[PDB]
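All Cβ positions, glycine included, derive from the backbone under ideal geometry; neighbour counts span all protein chains shown. Please treat every number below as a calculation from the coordinates, not as lab data.
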Amino acid sequence: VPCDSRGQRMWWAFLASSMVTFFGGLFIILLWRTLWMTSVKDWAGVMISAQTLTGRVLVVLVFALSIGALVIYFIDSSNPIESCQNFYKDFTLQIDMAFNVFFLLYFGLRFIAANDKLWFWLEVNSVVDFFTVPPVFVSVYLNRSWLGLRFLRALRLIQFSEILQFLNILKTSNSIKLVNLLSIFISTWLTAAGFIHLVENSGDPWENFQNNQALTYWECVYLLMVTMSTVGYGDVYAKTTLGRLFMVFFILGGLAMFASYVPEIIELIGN
Amino acid sequence: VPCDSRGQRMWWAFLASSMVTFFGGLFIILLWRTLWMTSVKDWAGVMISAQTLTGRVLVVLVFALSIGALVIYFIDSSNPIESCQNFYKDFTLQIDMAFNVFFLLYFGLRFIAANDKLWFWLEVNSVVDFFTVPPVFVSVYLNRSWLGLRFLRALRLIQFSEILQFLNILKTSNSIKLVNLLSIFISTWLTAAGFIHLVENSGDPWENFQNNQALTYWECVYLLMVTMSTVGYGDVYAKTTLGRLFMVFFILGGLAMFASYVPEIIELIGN
Amino acid sequence: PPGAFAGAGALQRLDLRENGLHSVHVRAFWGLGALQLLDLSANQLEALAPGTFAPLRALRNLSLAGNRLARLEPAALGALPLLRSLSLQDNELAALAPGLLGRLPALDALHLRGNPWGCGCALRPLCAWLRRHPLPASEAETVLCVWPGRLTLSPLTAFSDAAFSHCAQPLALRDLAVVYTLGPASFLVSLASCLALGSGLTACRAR
Amino acid sequence: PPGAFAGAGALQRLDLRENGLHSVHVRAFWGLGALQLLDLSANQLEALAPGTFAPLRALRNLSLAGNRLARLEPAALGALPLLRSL
Ligand SMILES: CC(C)CCC[C@@H](C)[C@H]1CC[C@H]2[C@@H]3CC=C4C[C@@H](O)CC[C@]4(C)[C@H]3CC[C@]12C
Ligand SMILES: CC(C)CCC[C@@H](C)[C@H]1CC[C@H]2[C@@H]3CC=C4C[C@@H](O)CC[C@]4(C)[C@H]3CC[C@]12C
Ligand SMILES: *[C@@H]1O[C@H](CO)[C@@H](O)[C@H](O)[C@H]1NC(C)=O
Ligand SMILES: *[C@@H]1O[C@H](CO)[C@@H](O)[C@H](O)[C@H]1NC(C)=O
Ligand SMILES: [K+]
Ligand SMILES: [K+]
Ligand SMILES: [K+]
């Protein structure tokens with residue numbers, strides 16, 4: 001009786017659970033635009049303000065929980081992408097559930113404190129919440145698990161420099177700029193490796209997932225580092241069509257981003 | 001009775017049908033130089049002028065038909081290079097025939113409105129007409145089809161920015177320059193990939209076409225993108241002699257073009 | 001070769017064993033559908049092209065014992081209403097594709113002795129067929145399966161619907177609606193909870 | 001195949017030589033631990049999976065002559081107190 005099997009792929013349900021949140025609520029906001037609130041808006045604004053103690057400790061807490069979620073994803077990346085499991089039996093899923101409900105509460109608190117709802121809805125933090133939080137609820141409901149877009153929490157590394165700034169660790173602007181550049185580069189490296197790993201190990205959808213390549217996450221990190229330095233050994237490469245398309249897009253985007261960030265590098269070098 | 005076979009290669013007939021147009025008429029123009037016209041010249045000049053409505057709608061139409069021809073070539077690139085077919089049975093060939101006779105009429109109208117015939121004969125639009133339009137007539141006469149140099153219509157994508165300018169979509173010069181650079185890069189990328197795909201899947205002529213490599217068009221696009229970024233994985237590469245020669249020439253030309261276009265990139269970056 | 005037995009349109013019995021067959025071309029039985037017994041045992045067959053048995057219509061008992069087959073494609077077998085017995089003993093078959101047995105009505109006799117069956121969700125249609133069609137007790141004792149990670153002591157016929165309960169059936173409209181509505185409903189609940197907390201705190205402060 | 005000799009739980013002698021064996025699956029002797037003599041000589045065996053002889057407990061004399069074995073893993077043989085000759 002105890003057995004584990006892949007069965008039928010259910011990735012589309014997990015993806016739709018985020019798409020029909022994001023796009024549908026965007027349409028709802030647009031239609032509302034076509035067609036004690038101030039007090040509670042001010043209360044939520046001062047709740048998440050970086051000046052007060054509550055905002056500081058809360059952003060430190062959400063950064064720590066993002067680090068924990070990234071570590072959980074790193075641990076779980078050594079497993080089959082789609083697998084059945086019991087929510088009550090395993091407590092790591094419970095830890096991820098607690099982290100994600102805290103993220104949801106933080107997102108709601110941010111959404112109350114928003115002068116412009118539409119421009120808040122297009123922020124990177126909002127979209128990472130959309131593509132992270134509904135999948136864990138769908139997974140715990142369906143009693144299954146999909147790897148999915150859980151690496152996108154690495155995009156919350158960008159605030160890392162800010163986390164130092166109000167703990168009296170960074171004072172000068174040059175060090176803050178250097179830490180910001182390093183954090184941005186590390187975060188985009190990690191998330192690009194995450195997409196490459198997902199699209200390579202998942203396989204092509206229209207070919208019944210027969211193009212899957214056994215690539216670990218760290219091998220994809222190595223591939224991204226080799227590619228972005230224009231070395232290209234060719235020992236490891238993307239074999240799927242969608243993986244190759246993502247590699248081409250990543251090459252173009254990385255070259256454009258580096259060309260845009262050259263002047264900041266020169267300013268950091270200085271005279 | 002119904003069967004399809006390659007038989008003998010007839011690419012040389014299609015190529016000669018363009019060479020004995022281009023070079024022979026160039027010699028005719030040169031010999032004529034060695035050895036109501038004004039009214040009709042002015043009429044043709046005002047017919048194709050960008051100021052009047054007729055010129056605007058006509059250049060929009062020819063750009064749209066060039067896009068359609070590029071899509072037709074993209075669809076047909078998933079077939080054997082040389083193949084027999086019935087013109088009456090298939091109507092996609094009829095669509096391509098209509099597109100190409102419209103291109104021929106536009107070329108004639110342009111040639112009437114030419115102060116210098118010889119310098120008009122050396123334009124990129126004239127040469128793409130020469131290497132595109134006679135092959136479809138030869139194909140419909142011989143009841144066969146060869147892939148040929150039908151990707152060269154992508155070279156009309158350079159006009160794309162102009163297509164925006166008189167539709168009140170681009171006003172500032174910086175955006176126009178950026179769109180022009182992007183269109184030029186995309187067009188040269190696509191046509192280089194087209195030559196690479198043709199010369200790779202066709203095989204070496206002097207070795208009885210036994211060096212053919214099963215490379216799709218998009219794989220060649222990926223190869224060109226990998227090469228132009230100086231990555232060079234080596235998973236896919238040109239194996240034929242002529243393909244390697246074309247790759248060397250493309251590398252040299254791309255490096256020279258990028259070195260020439262660096263100052264425009266710097267101006268777009270600005271201060 | 002294709003059309004190897006051409007001219008024998010009224011053939012009824014065909015036996016090929018101990019011959020060491022290793023490659024059978026597709027559509028090699030053109031006009032041989034009349035046969036009822038087909039023995040292809042004691043060979044080295046590995047893969048079968050789809051549509052190979054498609055011209056066969058009157059075939060009743062089929063034997064594929066002592067071969068090197070690993071995966072048996074449902075398209076290769078097709079739909080044979082007149083088939084009654086089938087044998088796959090002494091092979092290298094690990095699992096059977098679901099719905100393969102449902103294509104043909106009569107599968108009264110089946111022999112799967114010696115195959116390295118890896119019991120799992122995949123085998124559940126076969127176990128259900130065992131529930132519908134019980135094997136002989138001796139054959140049930142002989143036919144076993146491999147349990148990954150531990151001993152293979154589990155018999156193939158010992159499994160019940162409790163093992164099938166792990167398998168996830170295709171989701172109905174109810175589950176689809178729930179998995180579509182989990183996201184937006186949870187976000188609205190979070191927004192409402194935060195708004196209610198803020199309104200209550202404002203009311204307490206203003207008092 | 002796994003469980004090839006199923007049903008012979010009281011088997012004591014088993015001889016397989018001159019057969020040209022080339023691949024023996026792990027746990028193929030499920031319930032065959034009762035045997036005392038096992039002859040697997042004159043074959044083409046190259047590697048033995050660990051735990052293959054683990055179900056065997058009463059085995060006394062084991063023969064692996066005339067094979068293609070290169071490395072003999074200790075985990076494959078395990079601990080057989082009743083073995084006397086090899
Ligand atoms: C920027 C983000 C938030 C939105 C963009 C959507 C991206 C992430 C989506 C759109 C299409 C998706 C892919 C579609 C199909 C499959 C096959 C299946 O095995 C799951 C993974 C995989 C490979 C998906 C990965 C995620 C994917 C690439
Ligand atoms: C710049 C353009 C307009 C003119 C230059 C001529 C080029 C495009 C011509 C000249 C020689 C030609 C090649 C000569 C021989 C063959 C073999 C045959 O299988 C057809 C394709 C192929 C490989 C031709 C491709 C096109 C080709 C490379
Ligand atoms: C099926 O036919 C074969 C061919 O002779 C026969 O040996 C076998 O016993 C038959 N099977 C059954 C179940 O009658
Ligand atoms: C071990 O048993 C075998 C089995 O017959 C026998 O031939 C052999 O002589 C025995 N060895 C010893 C040392 O008694
Ligand atoms: K390089
Ligand atoms: K390289
Ligand atoms: K390189």
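Structural remarks
- Each of C:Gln36, C:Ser154, B:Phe185 was scored by the projection of its Cα onto the charge dipole of the protein assembly as shown, and the greatest displacement toward the positive side belongs to C:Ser154; charges sit on the C-beta of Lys, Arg, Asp and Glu.
- Long-range amide H partners of C:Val146 with built H, under 5 Å: C:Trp117, C:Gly118, C:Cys119
- Label positions at A:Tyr141 and A:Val124, each projected 7 Å from the Cα along the C-beta direction, are separated by 3.0 nm.
- C-alpha center-to-center spacing [the range B:193-259, the range D:7-40] in angstrom: 59 Å
- Averaged over peptide C:150-158, the number of partner chain Cβ atoms lying within 10 Å of each residue's Cβ comes to 3.
- Ratio Rg/Rh, restricted to the range A:135-271 and using Cα atoms, in which Rh is the Kirkwood radius: 1.06
- Inter-chain Cβ neighbour count for C:187-198, averaged per residue, equals 6 (cutoff 10 Å, partner chain atoms only).
- Charged-residue dipole, Cβ positions (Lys, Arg, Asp, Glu), the range A:57-127 about Cα centre, Debye nearest 20: 180 debye
- Projecting the Cα atoms of A:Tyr106, A:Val127, A:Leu164 onto the charge dipole of the range A:98-212, computed from C-beta unit charges around the Cα centre, puts A:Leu164 farthest toward the positive end.
- Model label zone, C:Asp108; criterion: amide N under 16 Å from point 7 Å along Cα-to-beta-carbon; scope the range C:33-71: C:37, C:59-62
- Label spacing, shortest first and in nm, from A:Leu255 to its equivalents in the remaining copies (7 angstrom along Cα→Cβ): 1.5
- Averaged over B:221-233, number of beta-carbon atoms from partner chains that fall within 10 Å: 5
- Taking label positions 7 Å along the Cα-Cβ direction at both C:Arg84 and B:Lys177, the computed distance is 8.8 nm, reported to one decimal.
- Estimated FRET transfer efficiency when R0 is 25 angstrom, pair C:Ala162-A:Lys89 (beta carbons, to 0.05): 0.90
- With label points defined 7 Å past Cα in the direction of Cβ, position A:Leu164 shows copy-to-copy spacings of 3.9 nm, given to one decimal and shortest first.
- Table column - 3J(HN,Hα) (Hz), the range A:119-131, Karplus curve with 6.51, -1.76, 1.60, x for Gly and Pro: 6, 5, 5, 9, 6, 5, 5, 4, 6, 5, 4, 5, 8
- Under Karplus coefficients 6.51, -1.76 and 1.60, residue-wise ³J(HN,Hα) of the range B:62-69 in Hz, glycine/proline x: 6, 5, 5, 5, 5, 4, x, 5
- Across the copies of the chain, B:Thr230 has label points (7 Å from Cα along Cα→Cβ) spaced 0.3 nm apart, shortest distance listed first.
- Dipole axis of the protein assembly as shown (+1 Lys, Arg; -1 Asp, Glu on Cβ), positive-most option in C:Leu188, B:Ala214, B:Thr241: C:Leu188
- Cα centroid separation, the range C:191-207 to the range A:1-72 (Å): 21 Å
- For the range C:20-36, backbone phi angles converted through the Karplus equation (6.51, -1.76, 1.60; θ = phi - 60°) give residue-by-residue couplings of x, 5, 10, 7, 10, 6, 5, 6, 8, 10, 5, x, 9, x, 5, 4, 10 Hz, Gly and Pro being listed as x.
- About the Cα centre, charge dipole magnitude for the range B:48-179 (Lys/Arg +1, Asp/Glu -1 at Cβ), debye: 260 debye
- Cα gyration tensor, the range B:31-158 - rounded (a/c under 1.5), prolate or oblate: prolate
- Chain A residue nearest by beta-carbon to the axis mapping A to B, with distance in Å: A:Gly234, 3.
- Ranked packing of D:67-75, C:149-157, most packed first, by mean Cβ within 10 Å: C:149-157, D:67-75
- Cβ charges +1 (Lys, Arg) and -1 (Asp, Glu), total dipole of the range C:1-75, debye: 160 debye
- For B:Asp235, no residue has an amide H sitting under 5 Å from its own, ignoring neighbours fewer than 5 places away on the same chain, with H placed 1.01 Å from N.
- Angle in degrees between helix C:173-206 and the longest Cα principal axis of chain C, rounded to the nearest 10: 10 degrees
- B:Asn208/A:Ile266 FRET efficiency (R0 51 Å; Cβ-Cβ; nearest 0.05): 0.35
- For a label point 7 Å along the Cα-to-beta-carbon line of D:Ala75, residues of the range D:44-66 with backbone N under 20 Å: D:46-57
- Tensor-based shape of the protein assembly as shown (alpha-carbon gyration tensor, a/c under 1.5 rounded, otherwise prolate or oblate): oblate
- Cα-based shape type of chain B, given that a ≥ b ≥ c are square roots of the gyration tensor eigenvalues and the cut on a/c is 1.5: oblate
- Close amide H contacts of C:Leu37 (hydrogens built in the peptide plane, cut-off under 5 Å, sequence separation of 5 or more or a different chain): C:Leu14, C:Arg60.
- Cross-link table A:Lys117/A:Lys171; A:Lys117/B:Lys171; B:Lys41/B:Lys117, entries beyond 23 Å C-alpha to C-alpha: A:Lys117/A:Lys171; A:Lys117/B:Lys171
- Ranked packing of B:162-168, B:212-218, D:54-60, most packed first, by mean Cβ within 10 Å: D:54-60, B:212-218, B:162-168
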